[PDB]
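First up is the structure itself, then whatever we jot down about it.
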Amino acid sequence: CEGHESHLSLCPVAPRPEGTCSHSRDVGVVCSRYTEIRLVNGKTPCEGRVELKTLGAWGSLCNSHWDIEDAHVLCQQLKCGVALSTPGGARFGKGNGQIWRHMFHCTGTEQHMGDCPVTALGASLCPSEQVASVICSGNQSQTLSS
Amino acid sequence: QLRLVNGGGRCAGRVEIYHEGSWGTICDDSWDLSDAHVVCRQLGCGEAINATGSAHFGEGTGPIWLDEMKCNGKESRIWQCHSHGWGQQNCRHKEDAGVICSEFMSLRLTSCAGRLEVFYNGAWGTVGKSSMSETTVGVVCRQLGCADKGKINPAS
Amino acid sequence: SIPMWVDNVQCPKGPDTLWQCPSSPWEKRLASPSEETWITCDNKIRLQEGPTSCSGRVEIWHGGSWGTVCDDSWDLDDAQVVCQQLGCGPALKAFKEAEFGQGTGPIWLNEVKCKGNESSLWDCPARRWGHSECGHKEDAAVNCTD
Ligand SMILES: *[C@@H]1O[C@H](CO)[C@@H](O)[C@H](O)[C@H]1NC(C)=O
Ligand SMILES: *[C@@H]1O[C@H](CO)[C@@H](O)[C@H](O)[C@H]1NC(C)=O
Ligand SMILES: [Ca+2]
Ligand SMILES: [Ca+2]
Ligand SMILES: [Ca+2]
Ligand SMILES: [Ca+2]
Ligand SMILES: [Ca+2]
Ligand SMILES: [Ca+2]
């Protein structure tokens, strides 16, 4: 590959007829989009309390650093256009679990929360009822404008 | 068609093979002396001393055609060997395969003055002084690219 | 002696930086030296697929992934610098064309023009950090002394 291909199908390859490899040498690739943030407990499928999974357990995201740009990026990732608002409090529910203190610093111009610069080290504790939420527009054709 | 280029002679140089209207090279992967024997005897150059790799005679400008030559040294053509197939290669031009054959001949003077030496069959060697006419000395000096005439001198 | 900022750092899988790792909130508190963390990172360069630990194919870590060194301009000086970097004795042989087997990941280094006395392979001049025209069939190897 030249690195600029859209799919591996477009990559030129060099097959070898002889033996290839052993299964003890299979390749594994780690990409940067590992966030795994979803929307739960909403009337329409793609709005509700923001729920994030790290350390093998789901959790609710704090609203202290949940600006409208973070909501916009999350809505773009879930393919529901822009974010109408971020309802504070437990409008969609406090969530059965612990609160994740991740501080996403999205500028609102990226289409995935994994592209956002997230800071979670030593983040300040969050009140239980102060759980972040988002109400996406729901229109895929709707796009963010500056 | 098969040819050797940038070899400084007739029986040496990077192996250029012809296919699909373009002159392409051969990758030096598993390019041992058995592969060199086939191309040297195919070109009427006798046996082979070196099966050079890593673009010894310069990097060619053309599509690498063959990758894994498994010649037994008995077939009369290079393309009759067992290979990966035309175009099937995982090589670059930095590792083009060239050969140095038995009939490759080179001339040098070692001290443009010094003992006349001729490179045949892969080994350097001197040239007899007997019946060394002036024309032969002129030919030798001209072939070294430094004169048109010369004088026979005793050894230092 | 300096205070402790953060404690209970729990890195998930995926972050390549510590600040995406959740932990307890920042607190400026005094810390005894016993309960601070002292970590020794593993060696930058390892030898793989060798009969012993001092011989095998040269693997180097950079850019997040383990890589290899191509055999172009891979003389015995490069083997000497690799052997003295790993802590093994003097070099014996500098193999070429993947004598010990094809490597892993990308090809970080090729044409390493070491003088044989550098402190590490990184100070050695080369076409560094990828974009090398070599394939994985040309992985360089060494043979040090036990
Ligand atoms: C050819 O092979 C001989 C045999 O050892 C070697 O001495 C000589 O250096 C080689 N020459 C080239 C150009 O590879
Ligand atoms: C490495 O060097 C040792 C010491 O002579 C030798 O026994 C061993 O066979 C060498 N390994 C290779 C792969 O040549
Ligand atoms: Ca934010
Ligand atoms: Ca090959
Ligand atoms: Ca090669
Ligand atoms: Ca062969
Ligand atoms: Ca090479
Ligand atoms: Ca070198």
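Chains as they are written, first to last, in the deposited numbering: chain Z, 547 to 692; chain Y, 718 to 828, 835 to 879; chain C, 885 to 1030.
We put the beta carbon where it would ideally sit given N, CA and C, even for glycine.
C/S937 CB to nearest heavy atom of ligand 2 below 8 angstroms: No.
Z/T566 versus C/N1001, C/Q986, C/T936, residue with shortest Cα-Cα distance: The candidate whose alpha carbon is nearest that of Z/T566 is C/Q986.
C/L960: first and last residue of the uninterrupted alpha helix (DSSP H) it sits in: DSSP places C/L960 in the uninterrupted alpha helix (DSSP H) bounded by 960-970.
Whole-angstrom C-beta distance between Z/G643 and Z/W604, which should lie under 8 angstroms: Going by Cβ atoms, the distance from Z/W604 to Z/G643 rounds to 6 angstroms, so yes, they are a contact pair.
Ligand 8 heavy atom lying under 8 angstroms from the CB of C/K1021: Not one heavy atom of ligand 8 falls within 8 angstroms of the beta-carbon of C/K1021.
Y/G770 CB to nearest heavy atom of ligand 5 below 8 angstroms: In this structure, the C-beta of Y/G770 approaches ligand 5 to less than 8 angstroms from one of its heavy atoms.
Test: C/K897 CB closer than 9 angstroms to a CB of chain Z: Yes, because at least one Cβ of chain Z sits closer than 9 angstroms to the Cβ of C/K897.
C/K977 (DSSP reduced to helix, strand or coil): Looking at C/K977 - three-state DSSP - the assignment turns out to be strand.
9 angstroms Cβ cutoff, residue 852 of chain C in contact with chain Z: Look at the range of chain C in this structure, 885 to 1030, and you will see that residue 852 of chain C is not part of it.
Straight-line gap, C/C895 to C/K997 (C-alpha atoms, nearest Å): Distance between the alpha carbons of C/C895 and C/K997: 39 angstroms.
Element boundaries [beta strand (DSSP E), containing Z/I681]: Where Z/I681 is concerned, the enclosing beta strand (DSSP E) stretches over 679-682.
Beta-ladder partner(s) of Z/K599, from DSSP: Looking at the DSSP output, Z/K599 shares a beta bridge with Z/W604.
Straight-line gap, C/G1019 to C/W992 (C-alpha atoms, nearest Å): When the Cα atoms are used, C/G1019 and C/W992 turn out to be separated by approximately 11 angstroms.
Residues near C/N994 by beta carbon distance below 6 angstroms, same chain, minus five either side: Once the five neighbours on either side are set aside, the close Cβ partners of C/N994 are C954, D956, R1011, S1016, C1018.
Test item: CB-CB of Z/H618 and Z/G668 under 9 angstroms: Not in contact: Z/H618 and Z/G668 (Cβ atoms no closer than 9 angstroms).
Any non-hydrogen atom of ligand 4 within 8 angstroms of Y/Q806 CB: Because some heavy atom of ligand 4 lies under 8 angstroms away, the Cβ of Y/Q806 counts as near it: yes.
Contacting positions in the stretch 563-582 of chain Z - beta carbon closer than 7 angstroms to chain Y: Under the 7 angstroms Cβ criterion, the stretch 563-582 of chain Z contributes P563.
Where Z/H553 falls: helix, strand or coil (DSSP): Z/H553 falls in the coil class under three-state DSSP.
Endpoints, the alpha helix (DSSP H) within which Z/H618 is located: For Z/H618, the enclosing alpha helix (DSSP H) stretches over residues 614-623.
Within chain Y, the residues that C/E1017 reaches when beta carbons sit closer than 7 angstroms: In chain order: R809, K811.
Minimum Cβ-Cβ distance from C/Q969 to chain Z less than 9 angstroms: Closer than 9 angstroms: no.
Partner residues on chain Y for C/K997, Cβ-Cβ distance less than 7 angstroms: Within chain Y, no C-beta atom comes nearer than 7 angstroms to that of C/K997; the closest sits roughly 16 angstroms away.
Beta-carbon gap between Y/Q797 and Y/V755 smaller than 9 angstroms: For Y/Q797 and Y/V755, yes; Cβs fall inside 9 angstroms.
Selected residue, minimal CA-CA separation from Y/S823, among Y/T849, Y/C808, Y/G804: That would be Y/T849, whose Cα lies nearest to the Cα of Y/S823.
Residue span of the beta strand (DSSP E) that contains Y/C864, given as start and end: Y/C864: not part of any beta strand (DSSP E); member of the alpha helix (DSSP H) spanning 857-866, first to last residue.
N-terminal and C-terminal residue of the beta strand (DSSP E) that Z/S631 is part of: Per DSSP, the continuous beta strand (DSSP E) segment holding Z/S631 begins and ends at 629-631.
C-beta atoms of C/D1030 and C/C972 nearer than 9 angstroms: Yes. Within cutoff.
Y/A753: first and last residue of the uninterrupted beta strand (DSSP E) it sits in: Run containing Y/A753: none in the beta strand (DSSP E); it sits in the alpha helix (DSSP H), 750-759.
Beta-bridge pairing of Y/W782 - partner residues as DSSP gives them: For Y/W782, which the question treats as bridged, DSSP gives no partner whatsoever.
8 angstroms contact criterion, which Z/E593 and Z/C682 should meet: CB distance rounded: Correct: roughly 5 angstroms between the Cβ atoms.
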